[PDB]
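This report refers to the structure that appears directly beneath it.
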Amino acid sequence: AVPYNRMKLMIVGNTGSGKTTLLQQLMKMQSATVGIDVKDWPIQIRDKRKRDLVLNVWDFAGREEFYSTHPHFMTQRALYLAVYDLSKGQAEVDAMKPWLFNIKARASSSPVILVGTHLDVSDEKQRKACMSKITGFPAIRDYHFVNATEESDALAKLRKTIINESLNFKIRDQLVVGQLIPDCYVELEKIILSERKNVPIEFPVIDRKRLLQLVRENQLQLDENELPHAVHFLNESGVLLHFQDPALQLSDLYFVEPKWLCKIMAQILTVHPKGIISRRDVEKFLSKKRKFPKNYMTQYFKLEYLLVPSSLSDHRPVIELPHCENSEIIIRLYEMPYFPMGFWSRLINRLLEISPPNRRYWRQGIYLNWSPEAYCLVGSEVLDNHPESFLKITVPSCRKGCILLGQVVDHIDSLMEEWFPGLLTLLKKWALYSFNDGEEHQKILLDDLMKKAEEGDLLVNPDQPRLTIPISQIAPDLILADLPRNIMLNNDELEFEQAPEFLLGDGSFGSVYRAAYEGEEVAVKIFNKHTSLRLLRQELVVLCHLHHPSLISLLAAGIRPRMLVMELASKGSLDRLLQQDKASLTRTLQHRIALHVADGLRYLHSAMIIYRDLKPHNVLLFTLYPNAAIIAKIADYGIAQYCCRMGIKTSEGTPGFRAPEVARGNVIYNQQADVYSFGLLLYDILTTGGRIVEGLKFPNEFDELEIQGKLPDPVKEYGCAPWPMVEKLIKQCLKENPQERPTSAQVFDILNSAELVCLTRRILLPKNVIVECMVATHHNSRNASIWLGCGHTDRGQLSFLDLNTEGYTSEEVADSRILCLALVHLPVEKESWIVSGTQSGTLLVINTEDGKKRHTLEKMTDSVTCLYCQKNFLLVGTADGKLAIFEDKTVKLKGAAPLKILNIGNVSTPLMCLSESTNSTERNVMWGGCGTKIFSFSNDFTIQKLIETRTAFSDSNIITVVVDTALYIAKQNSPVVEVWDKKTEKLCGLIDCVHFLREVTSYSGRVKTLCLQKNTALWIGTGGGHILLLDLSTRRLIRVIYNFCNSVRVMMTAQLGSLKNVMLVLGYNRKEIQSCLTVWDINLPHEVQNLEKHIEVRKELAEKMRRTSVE
Ligand SMILES: CCNc1nc(Nc2cc(F)c(C(=O)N3CCOCC3)cc2OC)ncc1C(F)(F)F
Ligand SMILES: Nc1nc2c(ncn2[C@@H]2O[C@H](COP(=O)(O)OP(=O)(O)O)[C@@H](O)[C@H]2O)c(=O)[nH]1
């Protein structure tokens, strides 16, 4: 709680007025001030206990050219002077009036002194009357007309004033110098002083990390929670500058020397018509520790062939209207008292769109000429013999000019709705009509012409009814004549009813009743009585130009009852289907309704439009049939506003579905503040809308989640089944730093995957415990438990992961490394038993239910390499290839050998690829291999086929075999898989692995696992971490799957929750190993096709719509 006494002064001094001269004479070569020039000014008041008053003084430059960049520095908590000469007379105060008017809106809680200058040649008696009449214009406390350069002025009353304002001037009833601010704040300021000396001279900036390091490094005791509050406070007193604005993206940097930013305009001013200059090559001529000075972020200065408005000429150029007649041209008018500082800059910027041409943009008017058919001379014409100012648009009275005027007036009214609120009141529109051509123009304000037209669009001369002028060619914005002629109401062919029964939703400003239009069914959106035409145009700027097959469409629009006919969504909104038909949302439809909305948002954000209102009641469905082309459109663009790279300043949003910065409306967000609403939609789709009704209880609890943002784990509490690939969106596109969210194209891309609609679970075993052999549970009904054979320790462990609970309940039952496992499921006597094959060569046996039933079978001659489980025959393969046959009747027997060894090889030949077939169900076609030699056998235990494979990678032993109609053979470190036919016993195909991997990439394209789906496709798992979804048919590649693992160890097919079709996968993360277990849904090969055909369908739809729309 330390005292802090340092206020800021802003002498806004016009040119020639001697603001610098008065400051110099007050604070005890003066060519001009090129921009702001900040100084300090210490003083000690006469009172003994008077706080040390030091005024951070800004000697604001006053040439008109600089004005466009001024308002961004005029902030609150500052006493604005004003300086106008008196040798000019009553004209000088009139010329100073715009400055006071601009102060009146940029900061109106700031006291304003007002001081003349150069009283040596003044006539005070005249100007005193109008100066008193000045006291809309803010609280000009006290005029203090004073001398020029000598010392005969009591203007030091400023000090007096401010020390009164030390407690009179009250930001929220506080004291500007008496704020009991913590000592950590002042310590931050103290270290900022030295940081300004340490920071590069021509590159003043510090990052966040350095600030966070020095906070604790110098024992400040400052917490990270109040740290942004501390930054904001110091920015208020003006010792540093920080731009929280997400649209600017400069939230990372911190500016320590505010004396530098003020002069960047001056420097860049003097780095063919102006506003055209070469690339900003001067960005590297300085220190510039980046590819720009002080960071790469200079070019984001909202104050590359260059355009700058400040240096634009101030004379109306030599441009003549192609036509001249009262009948042939419309002219709109806006009556405004004072052009806000920085208007024409924003206007030129916004009107540098060329998609609604020889230009001629001067400092106070754009000009856009396509041809003698259509031009739009937006320009300032104060020549009215009146004090106020007129902004006038001029267009030719043909339909092309109407389509131009009706868009220019929307863009101007969006400028004046987002950036300049104070004007709208002061703003007063006008339309210029004339009955008999040649006579002068007669004006009528717009609020009256709108009603005169609503009554009837045949505007009558009040003097004599013999003259008639249609409201079309005088003001076609009001009667909706500037619209493509395909969309126009035809009320004869419309039969709506406003009755209660025929009602649908009620989306905020309006209602939507169903009706008939041409014979089909439609959704007539008649507006309320208290609704302005501006909202109609705000929706008809989006609904009549953009065409996309995931956005709602317009069938008509008319001004008589002010409706908007739109196509009907038969199946209902997303909310009314996420509260009733809960069980109709499968895992496919839940992804289609999130892909179509993402595509809609992509097309929106690609036309410079922000939606801002992505609720779950503005996602309409058309057909719940999971496999279609147009499932989910978007509707209710009631507050959708244009959004360039500059950003938006208003704050509209339904409480609970807003970005974190939208709620704190002080900052200016951008298009990427919408992806948060989409993430919230995705969180409300994943959990079947539980959050909706939970937020319905309390509006404060509904809005805290967009302010506090403590969202639960959706899989834990709400009960939803795990979707472990979309939970990487919901946990990514819900962040707090807007720069770190995925862009809309990048969240459409992540959602345009067949993996996401598949990876169905994902488990990570504990740190550095590894699996080498997996076996599922054949019961599939007791629970979802999958025993795993560990291999990390020298001894052998037998873990048992339980899939639904994720509890790794390992155990140590083996002495040596565990190599193979198998589950014998005999309903006879309820004998479900798991046996294993150790690297030592013993067949350990364990019962699932019995905690201790270790009936260790008679150990084989050598180690164990594989095992296989109607026919309940156990076929054990040793490293010698001495295949053994046990039996299921000896499950209780503790050590035995039921049948004889069918030895087919020696110790040199390792035998582990045993497999059966799904063709004809006859186990007699069991295949396999002993060493570098394939073989088969049957129940007769005879070798009915031995096919040696001795014919660089062609000299390796066998690993896996699968048999549906041919043979597939993998061998150790083989980029190929040697195919064989079971009829000719000859090698037919050679499916090269790395050849296929060449599209995604001493190549580690190994083959460490292999599986074969029933009759659809292969799953070839590569030791490099890829899953080759090879098509079984002839050669086609469905998809290669990667970027989730580093080495796939084992793969197999299992069953979960009494339903089949899951594909377990056990993978390495390569000495730190994180053994991972994905569980795919084996519908994946048919999915990659169905999804790709769907996408390719609607992309054709989107192109047929957009291309034809140009006509
Ligand atoms: C904001 C909703 N607007 C629309 N809504 C619809 N369709 C429906 C919306 C619904 F919600 C329900 C519904 O389930 N209801 C239950 C009772 O309460 C409301 C009606 C039924 C719909 O069509 C049959 N079509 C077009 C529109 C658009 F405005 F976009 F044109
Ligand atoms: N009329 C008049 N002008 C003065 C007097 N003393 C200084 N000036 C002018 O006032 C100017 C300073 O005005 P300033 O606010 O810095 O103008 P800016 O640089 O364009 O913003 C100097 O350039 C002087 O030429 C004076 O006694 N009478």
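By order of appearance in the structure tokens: chains A, B, ..., then residues from 1 within every chain, and ligands from 1 in the order shown.
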
Inset, instruction - Fewer than 2 positions away in the same chain doesn't count, so skip those; otherwise give me all residues within 8 Å of residue A:40, counting only C-alpha atoms, as a ChimeraX atom specification. - result: /A:38,42,54-57

Inset, instruction - DSSP on the backbone, then: every residue of stretch 234-422 of chain A marked strand (DSSP E or B), written as a PyMOL selection string. - result: chain A and resi 241+254-255+277+306+329-336+358-359+362+365+368-371+374-376+379-380+389-396

Could you list the protein, DNA and RNA residues that have any atom within 9 Å of ligand 2, counting only C-alpha atoms and all ligand atoms, and write them as a PDB file with N, CA and C atoms, in the first residue's frame?
```pdb
ATOM      1  N   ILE A  11      -1.395  17.860 -23.935  1.00  0.00           N
ATOM      2  CA  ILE A  11      -1.641  19.159 -24.555  1.00  0.00           C
ATOM      3  C   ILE A  11      -1.880  18.918 -26.046  1.00  0.00           C
ATOM      4  N   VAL A  12      -3.149  18.912 -26.454  1.00  0.00           N
ATOM      5  CA  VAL A  12      -3.488  18.704 -27.858  1.00  0.00           C
ATOM      6  C   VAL A  12      -3.404  20.032 -28.609  1.00  0.00           C
ATOM      7  N   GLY A  13      -2.242  20.304 -29.193  1.00  0.00           N
ATOM      8  CA  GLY A  13      -1.966  21.611 -29.754  1.00  0.00           C
ATOM      9  C   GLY A  13      -1.965  21.685 -31.265  1.00  0.00           C
ATOM     10  N   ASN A  14      -2.893  22.459 -31.829  1.00  0.00           N
ATOM     11  CA  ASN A  14      -2.957  22.658 -33.271  1.00  0.00           C
ATOM     12  C   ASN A  14      -1.690  23.329 -33.795  1.00  0.00           C
ATOM     13  N   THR A  15      -1.505  23.237 -35.111  1.00  0.00           N
ATOM     14  CA  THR A  15      -0.340  23.826 -35.757  1.00  0.00           C
ATOM     15  C   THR A  15      -0.327  25.340 -35.575  1.00  0.00           C
ATOM     16  N   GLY A  16       0.877  25.894 -35.454  1.00  0.00           N
ATOM     17  CA  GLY A  16       1.046  27.328 -35.310  1.00  0.00           C
ATOM     18  C   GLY A  16       0.648  27.890 -33.958  1.00  0.00           C
ATOM     19  N   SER A  17      -0.125  27.129 -33.182  1.00  0.00           N
ATOM     20  CA  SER A  17      -0.619  27.597 -31.894  1.00  0.00           C
ATOM     21  C   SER A  17       0.459  27.648 -30.818  1.00  0.00           C
ATOM     22  N   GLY A  18       1.651  27.120 -31.077  1.00  0.00           N
ATOM     23  CA  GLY A  18       2.715  27.220 -30.097  1.00  0.00           C
ATOM     24  C   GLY A  18       2.552  26.348 -28.873  1.00  0.00           C
ATOM     25  N   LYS A  19       1.917  25.181 -29.017  1.00  0.00           N
ATOM     26  CA  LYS A  19       1.804  24.238 -27.907  1.00  0.00           C
ATOM     27  C   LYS A  19       3.171  23.883 -27.337  1.00  0.00           C
ATOM     28  N   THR A  20       4.134  23.597 -28.218  1.00  0.00           N
ATOM     29  CA  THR A  20       5.504  23.364 -27.774  1.00  0.00           C
ATOM     30  C   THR A  20       6.088  24.608 -27.115  1.00  0.00           C
ATOM     31  N   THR A  21       5.787  25.788 -27.664  1.00  0.00           N
ATOM     32  CA  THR A  21       6.301  27.030 -27.093  1.00  0.00           C
ATOM     33  C   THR A  21       5.727  27.275 -25.703  1.00  0.00           C
ATOM     34  N   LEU A  22       4.412  27.087 -25.548  1.00  0.00           N
ATOM     35  CA  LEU A  22       3.786  27.255 -24.241  1.00  0.00           C
ATOM     36  C   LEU A  22       4.316  26.235 -23.244  1.00  0.00           C
ATOM     37  N   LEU A  23       4.545  24.998 -23.693  1.00  0.00           N
ATOM     38  CA  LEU A  23       5.094  23.985 -22.800  1.00  0.00           C
ATOM     39  C   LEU A  23       6.509  24.343 -22.365  1.00  0.00           C
ATOM     40  N   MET A  29      15.049  26.698 -33.097  1.00  0.00           N
ATOM     41  CA  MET A  29      15.170  25.307 -32.676  1.00  0.00           C
ATOM     42  C   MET A  29      13.805  24.630 -32.628  1.00  0.00           C
ATOM     43  N   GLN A  30      12.776  25.401 -32.274  1.00  0.00           N
ATOM     44  CA  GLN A  30      11.405  24.895 -32.207  1.00  0.00           C
ATOM     45  C   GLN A  30      10.746  24.925 -33.589  1.00  0.00           C
ATOM     46  N   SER A  31      11.377  24.212 -34.529  1.00  0.00           N
ATOM     47  CA  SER A  31      10.895  24.172 -35.908  1.00  0.00           C
ATOM     48  C   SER A  31       9.481  23.607 -35.983  1.00  0.00           C
ATOM     49  N   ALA A  32       9.315  22.349 -35.575  1.00  0.00           N
ATOM     50  CA  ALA A  32       8.034  21.657 -35.589  1.00  0.00           C
ATOM     51  C   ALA A  32       8.194  20.336 -34.855  1.00  0.00           C
ATOM     52  N   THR A  33       7.062  19.774 -34.444  1.00  0.00           N
ATOM     53  CA  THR A  33       7.010  18.464 -33.805  1.00  0.00           C
ATOM     54  C   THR A  33       6.502  17.461 -34.832  1.00  0.00           C
ATOM     55  N   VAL A  34       7.365  16.531 -35.235  1.00  0.00           N
ATOM     56  CA  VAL A  34       6.969  15.459 -36.149  1.00  0.00           C
ATOM     57  C   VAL A  34       6.428  14.313 -35.294  1.00  0.00           C
ATOM     58  N   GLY A  35       5.145  14.413 -34.968  1.00  0.00           N
ATOM     59  CA  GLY A  35       4.499  13.444 -34.110  1.00  0.00           C
ATOM     60  C   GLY A  35       4.526  13.859 -32.657  1.00  0.00           C
ATOM     61  N   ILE A  36       4.008  12.958 -31.817  1.00  0.00           N
ATOM     62  CA  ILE A  36       4.030  13.172 -30.378  1.00  0.00           C
ATOM     63  C   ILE A  36       5.487  13.233 -29.912  1.00  0.00           C
ATOM     64  N   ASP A  59       3.456  16.234 -25.799  1.00  0.00           N
ATOM     65  CA  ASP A  59       3.351  17.469 -26.582  1.00  0.00           C
ATOM     66  C   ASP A  59       2.815  17.173 -27.986  1.00  0.00           C
ATOM     67  N   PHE A  60       1.565  16.702 -28.008  1.00  0.00           N
ATOM     68  CA  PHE A  60       0.861  16.253 -29.211  1.00  0.00           C
ATOM     69  C   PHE A  60       1.051  17.178 -30.409  1.00  0.00           C
ATOM     70  N   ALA A  61       1.415  16.587 -31.544  1.00  0.00           N
ATOM     71  CA  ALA A  61       1.563  17.326 -32.788  1.00  0.00           C
ATOM     72  C   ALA A  61       0.195  17.599 -33.397  1.00  0.00           C
ATOM     73  N   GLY A  62       0.110  18.670 -34.183  1.00  0.00           N
ATOM     74  CA  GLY A  62      -1.192  19.174 -34.569  1.00  0.00           C
ATOM     75  C   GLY A  62      -1.424  19.398 -36.048  1.00  0.00           C
ATOM     76  N   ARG A  63      -0.444  19.076 -36.889  1.00  0.00           N
ATOM     77  CA  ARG A  63      -0.694  19.059 -38.324  1.00  0.00           C
ATOM     78  C   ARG A  63      -1.731  17.992 -38.646  1.00  0.00           C
ATOM     79  N   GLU A  64      -2.592  18.285 -39.626  1.00  0.00           N
ATOM     80  CA  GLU A  64      -3.713  17.398 -39.932  1.00  0.00           C
ATOM     81  C   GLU A  64      -3.255  16.016 -40.380  1.00  0.00           C
ATOM     82  N   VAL A  83      -5.035  24.290 -27.200  1.00  0.00           N
ATOM     83  CA  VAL A  83      -4.296  25.507 -27.532  1.00  0.00           C
ATOM     84  C   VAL A  83      -4.743  25.980 -28.909  1.00  0.00           C
ATOM     85  N   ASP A  85      -4.768  29.735 -31.304  1.00  0.00           N
ATOM     86  CA  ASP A  85      -4.324  31.118 -31.350  1.00  0.00           C
ATOM     87  C   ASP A  85      -5.521  32.062 -31.285  1.00  0.00           C
ATOM     88  N   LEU A  86      -5.250  33.304 -30.887  1.00  0.00           N
ATOM     89  CA  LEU A  86      -6.275  34.336 -30.859  1.00  0.00           C
ATOM     90  C   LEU A  86      -6.071  35.428 -31.899  1.00  0.00           C
ATOM     91  N   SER A  87      -4.926  35.450 -32.587  1.00  0.00           N
ATOM     92  CA  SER A  87      -4.742  36.373 -33.701  1.00  0.00           C
ATOM     93  C   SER A  87      -5.663  36.057 -34.873  1.00  0.00           C
ATOM     94  N   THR A 117      -3.656  31.369 -26.589  1.00  0.00           N
ATOM     95  CA  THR A 117      -2.236  31.668 -26.698  1.00  0.00           C
ATOM     96  C   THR A 117      -2.034  32.962 -27.472  1.00  0.00           C
ATOM     97  N   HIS A 118      -0.875  33.584 -27.233  1.00  0.00           N
ATOM     98  CA  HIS A 118      -0.418  34.771 -27.961  1.00  0.00           C
ATOM     99  C   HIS A 118      -1.373  35.952 -27.786  1.00  0.00           C
ATOM    100  N   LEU A 119      -1.644  36.304 -26.527  1.00  0.00           N
ATOM    101  CA  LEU A 119      -2.534  37.421 -26.225  1.00  0.00           C
ATOM    102  C   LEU A 119      -1.957  38.783 -26.600  1.00  0.00           C
ATOM    103  N   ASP A 120      -0.709  38.849 -27.072  1.00  0.00           N
ATOM    104  CA  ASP A 120      -0.113  40.126 -27.455  1.00  0.00           C
ATOM    105  C   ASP A 120      -0.833  40.771 -28.634  1.00  0.00           C
ATOM    106  N   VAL A 121      -1.406  39.968 -29.529  1.00  0.00           N
ATOM    107  CA  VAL A 121      -2.117  40.488 -30.694  1.00  0.00           C
ATOM    108  C   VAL A 121      -3.561  40.003 -30.706  1.00  0.00           C
ATOM    109  N   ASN A 147      -0.596  34.758 -22.025  1.00  0.00           N
ATOM    110  CA  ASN A 147       0.389  35.415 -22.869  1.00  0.00           C
ATOM    111  C   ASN A 147       1.111  34.400 -23.754  1.00  0.00           C
ATOM    112  N   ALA A 148       2.100  34.889 -24.503  1.00  0.00           N
ATOM    113  CA  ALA A 148       2.782  34.079 -25.508  1.00  0.00           C
ATOM    114  C   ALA A 148       4.052  33.419 -24.974  1.00  0.00           C
ATOM    115  N   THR A 149       5.025  34.224 -24.535  1.00  0.00           N
ATOM    116  CA  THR A 149       6.333  33.710 -24.130  1.00  0.00           C
ATOM    117  C   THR A 149       6.854  34.261 -22.811  1.00  0.00           C
TER     118      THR A 149
END
```

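Atom to atom, atom CA of residue A:573 and atom CA of residue A:638 stand 16.9 Å apart.
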
Inset, instruction - Find the residues near ligand 1. Use a cut-off of 10 Å, count only C-alpha atoms and all ligand atoms, and write them as an NGL selection string. - result: :A and (501-508 or 510-514 or 521-525 or 551-554 or 564-577 or 580 or 616-622 or 633-637)
